[PDB]
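To start, the structure itself, in structure tokens.
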2 protein chains.
Amino acid sequence: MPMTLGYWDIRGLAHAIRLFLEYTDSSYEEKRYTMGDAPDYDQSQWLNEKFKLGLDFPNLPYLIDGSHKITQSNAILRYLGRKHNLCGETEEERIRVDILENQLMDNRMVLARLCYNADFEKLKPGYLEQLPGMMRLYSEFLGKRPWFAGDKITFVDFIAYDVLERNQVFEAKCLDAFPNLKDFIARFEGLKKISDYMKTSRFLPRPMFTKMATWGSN
Amino acid sequence: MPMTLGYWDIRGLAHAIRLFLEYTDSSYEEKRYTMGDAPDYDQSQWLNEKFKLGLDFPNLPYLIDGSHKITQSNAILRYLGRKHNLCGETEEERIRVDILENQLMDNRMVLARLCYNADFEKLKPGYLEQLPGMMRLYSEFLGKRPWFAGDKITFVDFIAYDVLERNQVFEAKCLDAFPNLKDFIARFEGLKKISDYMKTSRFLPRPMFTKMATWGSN
């Protein structure tokens, strides 16, 4: 150690990982690659070492922890989760973690595809119309639980926070009809390690996507 | 009590699950919903039961095993995997399973989006541009290993088989340059439980997608 987390200098797919690394008091440093502004979108910083890290499927984000070279955000979170017994304990909890992890990726992508679409403005009405139903499902799933798997936090809460909070940034009022989700967001940001982290210059809530996005590129 | 696997009456997203249920000698029965023909595409068979199964995020496929109601193919596979200690054992193996699980899902979503798009014909070339690299990466990852996680089979091999086999149907010879992937397909289909299953009427290799698809609807 320290471990190395590599990703673009944006929130994107690494938000949950950065937050989880902080929560677990992990020893780590980061590579925050910069993408070119001009229509060139130069990625030389990343491309020059993309194949020199021992990654099987070279991609961003990646996590290097000794001999372990990992890509895919869910795999990185599970790896860290296993290290801290935060993947759910009971069979019931593990099932909730697995179901939600996948449901969240499905929803994350729907928003991502929309924001990366050149026709973003004309397509967003369709997304906003289905957003209440999307959020309703998460609200019903969480119920009165403090965390998504039950009474104890797991790595999936970090993915959940990222997705729910990002949607609230996209549409400020999307969680108002679902108080438990609003409480969840606050509860998450209230965790000592997270609260402290958010007051530091290392916290990177924006930009949401890369400079190639139509929305959230800043 | 036999478990219940619910999904459309097509291969679609439930192929790895059906094959894994067979390999693990699981006691199960299925619900194979039928979709109406165009232009209506009636889903009433599913819709009239979708919200009465106790599922958190109603979707297909789903697995019912006692009090455990599960959706999301990866979650269903992990549930079955834990029951049989087939999620990888060493940290190295679990990492391989996790990385590949996610890599394969990304691949599946890309092809699905293409085949369900009305502009399939015009968009197909774009997918083929990326196919060679995708297949090469899987080939390099497998290397000389008999299974993707190492020397022992895991649930991820079932997802891999499904994706590899499906892409070979989409583009014949896309595996020709990778003997180890061809050998993997033969090794998988050669497994006793799988070989026997493929000779029965319960085996459902086609169609690849629902009637709403432009390609693979049959």
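FYI, nothing fancy with the structure tokens labels: chains A, B, ... in order, residues from 1 per chain, ligands from 1 as they appear.
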task = Enumerate the residues of segment 3-94 of chain B with a DSSP assignment of helix (DSSP H, G or I), computed from the backbone, and present them as a ChimeraX atom specification.
result = /B:15-23,44-47,73-84,91-94
Could you save the residues just selected, with N, CA and C atoms, as a tab-separated table (two decimals), in the first residue's frame?
chain	number	residue	atom	x	y	z
B	15	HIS	N	-30.60	-17.84	-20.05
B	15	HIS	CA	-29.85	-19.02	-20.49
B	15	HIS	C	-28.83	-19.52	-19.47
B	16	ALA	N	-28.02	-18.61	-18.93
B	16	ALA	CA	-27.01	-19.02	-17.95
B	16	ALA	C	-27.66	-19.60	-16.70
B	17	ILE	N	-28.78	-19.01	-16.28
B	17	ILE	CA	-29.50	-19.50	-15.10
B	17	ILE	C	-30.03	-20.91	-15.32
B	18	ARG	N	-30.69	-21.14	-16.45
B	18	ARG	CA	-31.23	-22.47	-16.73
B	18	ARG	C	-30.11	-23.51	-16.75
B	19	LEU	N	-29.00	-23.18	-17.41
B	19	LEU	CA	-27.87	-24.10	-17.48
B	19	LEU	C	-27.24	-24.35	-16.11
B	20	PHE	N	-27.19	-23.31	-15.27
B	20	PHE	CA	-26.59	-23.44	-13.94
B	20	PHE	C	-27.50	-24.25	-13.02
B	21	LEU	N	-28.81	-24.09	-13.18
B	21	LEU	CA	-29.75	-24.85	-12.38
B	21	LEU	C	-29.57	-26.33	-12.70
B	22	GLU	N	-29.32	-26.63	-13.97
B	22	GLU	CA	-29.12	-28.02	-14.39
B	22	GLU	C	-27.79	-28.56	-13.86
B	23	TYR	N	-26.72	-27.79	-14.02
B	23	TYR	CA	-25.40	-28.22	-13.56
B	23	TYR	C	-25.37	-28.51	-12.06
B	44	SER	N	-49.71	-9.21	-21.04
B	44	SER	CA	-50.66	-9.48	-19.97
B	44	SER	C	-50.36	-10.73	-19.15
B	45	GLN	N	-49.84	-11.77	-19.80
B	45	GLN	CA	-49.51	-13.00	-19.08
B	45	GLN	C	-48.58	-12.70	-17.91
B	46	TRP	N	-47.63	-11.80	-18.16
B	46	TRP	CA	-46.66	-11.39	-17.16
B	46	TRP	C	-47.23	-10.30	-16.26
B	47	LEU	N	-47.79	-9.27	-16.87
B	47	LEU	CA	-48.34	-8.14	-16.15
B	47	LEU	C	-49.41	-8.48	-15.11
B	73	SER	N	-30.55	-11.24	-13.20
B	73	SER	CA	-29.84	-12.47	-13.51
B	73	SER	C	-28.57	-12.69	-12.71
B	74	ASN	N	-27.75	-11.66	-12.53
B	74	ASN	CA	-26.52	-11.84	-11.76
B	74	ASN	C	-26.78	-12.19	-10.31
B	75	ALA	N	-27.83	-11.62	-9.73
B	75	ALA	CA	-28.18	-11.89	-8.34
B	75	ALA	C	-28.70	-13.31	-8.21
B	76	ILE	N	-29.46	-13.75	-9.20
B	76	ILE	CA	-29.99	-15.10	-9.17
B	76	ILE	C	-28.82	-16.09	-9.25
B	77	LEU	N	-27.88	-15.82	-10.15
B	77	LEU	CA	-26.72	-16.69	-10.30
B	77	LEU	C	-25.85	-16.70	-9.04
B	78	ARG	N	-25.67	-15.55	-8.41
B	78	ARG	CA	-24.86	-15.49	-7.19
B	78	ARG	C	-25.52	-16.24	-6.04
B	79	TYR	N	-26.85	-16.17	-5.98
B	79	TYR	CA	-27.61	-16.86	-4.94
B	79	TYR	C	-27.36	-18.35	-5.09
B	80	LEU	N	-27.52	-18.86	-6.31
B	80	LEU	CA	-27.29	-20.27	-6.57
B	80	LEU	C	-25.81	-20.60	-6.36
B	81	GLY	N	-24.94	-19.67	-6.73
B	81	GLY	CA	-23.51	-19.88	-6.55
B	81	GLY	C	-23.13	-20.06	-5.09
B	82	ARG	N	-23.68	-19.23	-4.21
B	82	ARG	CA	-23.37	-19.35	-2.79
B	82	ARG	C	-23.86	-20.67	-2.21
B	83	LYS	N	-25.01	-21.14	-2.69
B	83	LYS	CA	-25.59	-22.39	-2.22
B	83	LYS	C	-24.68	-23.57	-2.53
B	84	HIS	N	-23.83	-23.43	-3.55
B	84	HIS	CA	-22.94	-24.51	-3.97
B	84	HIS	C	-21.45	-24.17	-3.93
B	91	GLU	N	-9.13	-15.25	-3.14
B	91	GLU	CA	-9.40	-13.85	-3.45
B	91	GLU	C	-9.18	-13.66	-4.94
B	92	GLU	N	-8.14	-14.30	-5.47
B	92	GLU	CA	-7.82	-14.21	-6.89
B	92	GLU	C	-8.98	-14.67	-7.76
B	93	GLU	N	-9.59	-15.80	-7.39
B	93	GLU	CA	-10.72	-16.34	-8.15
B	93	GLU	C	-11.96	-15.46	-8.06
B	94	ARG	N	-12.27	-14.98	-6.86
B	94	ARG	CA	-13.43	-14.13	-6.67
B	94	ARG	C	-13.29	-12.85	-7.49
(Q) Residues of chain B within 7 Å of chain A, counting only C-alpha atoms - could you list those as an MDAnalysis selection string? (A) chainID B and resid 56:57 71:72 75 79 95 98:99 102 137 141
Write out, as an mmCIF file, in the first residue's frame, the residues just selected, with N, CA, C and O atoms.
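See again_12.cif below for the written result:
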data_model
loop_
_atom_site.group_PDB
_atom_site.id
_atom_site.type_symbol
_atom_site.label_atom_id
_atom_site.label_comp_id
_atom_site.auth_asym_id
_atom_site.auth_seq_id
_atom_site.Cartn_x
_atom_site.Cartn_y
_atom_site.Cartn_z
ATOM 1 N N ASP B 56 -39.250 -7.381 -5.103
ATOM 2 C CA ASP B 56 -38.977 -5.990 -4.751
ATOM 3 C C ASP B 56 -38.960 -5.080 -5.978
ATOM 4 O O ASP B 56 -39.590 -4.021 -5.991
ATOM 5 N N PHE B 57 -38.236 -5.504 -7.006
ATOM 6 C CA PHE B 57 -38.148 -4.768 -8.262
ATOM 7 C C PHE B 57 -38.653 -5.740 -9.330
ATOM 8 O O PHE B 57 -37.860 -6.331 -10.066
ATOM 9 N N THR B 71 -34.653 -11.084 -8.234
ATOM 10 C CA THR B 71 -34.680 -10.622 -9.616
ATOM 11 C C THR B 71 -33.232 -10.269 -9.957
ATOM 12 O O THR B 71 -32.367 -10.289 -9.071
ATOM 13 N N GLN B 72 -32.979 -9.959 -11.229
ATOM 14 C CA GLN B 72 -31.644 -9.629 -11.747
ATOM 15 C C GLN B 72 -30.850 -10.916 -11.940
ATOM 16 O O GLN B 72 -30.517 -11.600 -10.973
ATOM 17 N N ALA B 75 -27.835 -11.617 -9.732
ATOM 18 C CA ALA B 75 -28.180 -11.888 -8.344
ATOM 19 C C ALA B 75 -28.700 -13.311 -8.206
ATOM 20 O O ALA B 75 -28.413 -14.000 -7.223
ATOM 21 N N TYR B 79 -26.850 -16.169 -5.982
ATOM 22 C CA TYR B 79 -27.606 -16.856 -4.944
ATOM 23 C C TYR B 79 -27.358 -18.353 -5.089
ATOM 24 O O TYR B 79 -27.027 -19.038 -4.120
ATOM 25 N N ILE B 95 -12.079 -12.302 -7.537
ATOM 26 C CA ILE B 95 -11.839 -11.089 -8.314
ATOM 27 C C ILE B 95 -12.101 -11.369 -9.798
ATOM 28 O O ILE B 95 -12.746 -10.573 -10.483
ATOM 29 N N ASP B 98 -15.840 -11.603 -10.378
ATOM 30 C CA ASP B 98 -16.461 -10.278 -10.316
ATOM 31 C C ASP B 98 -16.155 -9.411 -11.532
ATOM 32 O O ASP B 98 -17.054 -8.781 -12.097
ATOM 33 N N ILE B 99 -14.890 -9.365 -11.937
ATOM 34 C CA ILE B 99 -14.525 -8.566 -13.097
ATOM 35 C C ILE B 99 -15.256 -9.064 -14.344
ATOM 36 O O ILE B 99 -15.883 -8.283 -15.064
ATOM 37 N N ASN B 102 -19.130 -8.455 -14.617
ATOM 38 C CA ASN B 102 -19.443 -7.107 -15.056
ATOM 39 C C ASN B 102 -19.067 -6.819 -16.500
ATOM 40 O O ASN B 102 -19.787 -6.105 -17.205
ATOM 41 N N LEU B 137 -10.049 -10.064 -25.892
ATOM 42 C CA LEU B 137 -9.872 -9.849 -24.462
ATOM 43 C C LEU B 137 -10.369 -11.036 -23.642
ATOM 44 O O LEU B 137 -9.752 -11.400 -22.640
ATOM 45 N N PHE B 141 -7.935 -13.420 -21.370
ATOM 46 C CA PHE B 141 -8.286 -13.591 -19.964
ATOM 47 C C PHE B 141 -8.326 -15.070 -19.600
ATOM 48 O O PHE B 141 -7.785 -15.480 -18.576
#
- Task: as a ChimeraX atom specification, please: all residues of segment 9-215 of chain A that backbone DSSP puts in strand (DSSP E or B).
- Result: /A:28-33,62-65,68-71,147,150
Exercise for review: Extract, using only C-alpha atoms, all DNA, RNA and protein residues at most 9 Å from residue 8 of chain A, discarding same-chain residues fewer than 6 positions from it, and format them as a list in words.
Suggested key: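 After dropping sequence-adjacent residues, the list is residues 14, 31, 32, 33, 34, 35, 46, 60, 61 and 210 of chain A.
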I need the chosen residues saved as a PDB file, in the first residue's frame, with N, CA and C atoms.
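Here's the written file selection.pdb:
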ATOM      1  N   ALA A  14     -16.562   6.547 -10.355  1.00  0.00           N
ATOM      2  CA  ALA A  14     -15.693   6.336  -9.200  1.00  0.00           C
ATOM      3  C   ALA A  14     -16.152   6.964  -7.890  1.00  0.00           C
ATOM      4  N   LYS A  31      -5.151   8.438  -9.154  1.00  0.00           N
ATOM      5  CA  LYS A  31      -4.683   8.891 -10.439  1.00  0.00           C
ATOM      6  C   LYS A  31      -5.999   9.488 -10.933  1.00  0.00           C
ATOM      7  N   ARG A  32      -5.978  10.765 -11.287  1.00  0.00           N
ATOM      8  CA  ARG A  32      -7.169  11.428 -11.804  1.00  0.00           C
ATOM      9  C   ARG A  32      -6.778  11.983 -13.163  1.00  0.00           C
ATOM     10  N   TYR A  33      -6.939  11.146 -14.181  1.00  0.00           N
ATOM     11  CA  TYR A  33      -6.578  11.495 -15.548  1.00  0.00           C
ATOM     12  C   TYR A  33      -7.412  12.629 -16.125  1.00  0.00           C
ATOM     13  N   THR A  34      -6.748  13.525 -16.847  1.00  0.00           N
ATOM     14  CA  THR A  34      -7.431  14.654 -17.460  1.00  0.00           C
ATOM     15  C   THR A  34      -7.665  14.378 -18.939  1.00  0.00           C
ATOM     16  N   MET A  35      -8.882  14.641 -19.400  1.00  0.00           N
ATOM     17  CA  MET A  35      -9.221  14.440 -20.802  1.00  0.00           C
ATOM     18  C   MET A  35      -9.154  15.798 -21.499  1.00  0.00           C
ATOM     19  N   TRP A  46      -3.764   8.895 -19.688  1.00  0.00           N
ATOM     20  CA  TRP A  46      -4.297   7.562 -19.423  1.00  0.00           C
ATOM     21  C   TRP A  46      -3.750   6.521 -20.398  1.00  0.00           C
ATOM     22  N   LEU A  60     -11.286   2.247 -17.007  1.00  0.00           N
ATOM     23  CA  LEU A  60     -11.364   3.152 -15.869  1.00  0.00           C
ATOM     24  C   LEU A  60     -12.774   3.009 -15.302  1.00  0.00           C
ATOM     25  N   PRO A  61     -12.899   2.902 -13.972  1.00  0.00           N
ATOM     26  CA  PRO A  61     -11.831   2.912 -12.971  1.00  0.00           C
ATOM     27  C   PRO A  61     -11.115   1.586 -12.766  1.00  0.00           C
ATOM     28  N   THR A 210     -17.908  12.811 -18.434  1.00  0.00           N
ATOM     29  CA  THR A 210     -16.747  13.320 -19.159  1.00  0.00           C
ATOM     30  C   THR A 210     -17.157  14.485 -20.055  1.00  0.00           C
TER      31      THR A 210
END
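Between atom CA of residue 195 of chain B and atom CA of residue 162 of chain B there is a distance of 14.9 Å.
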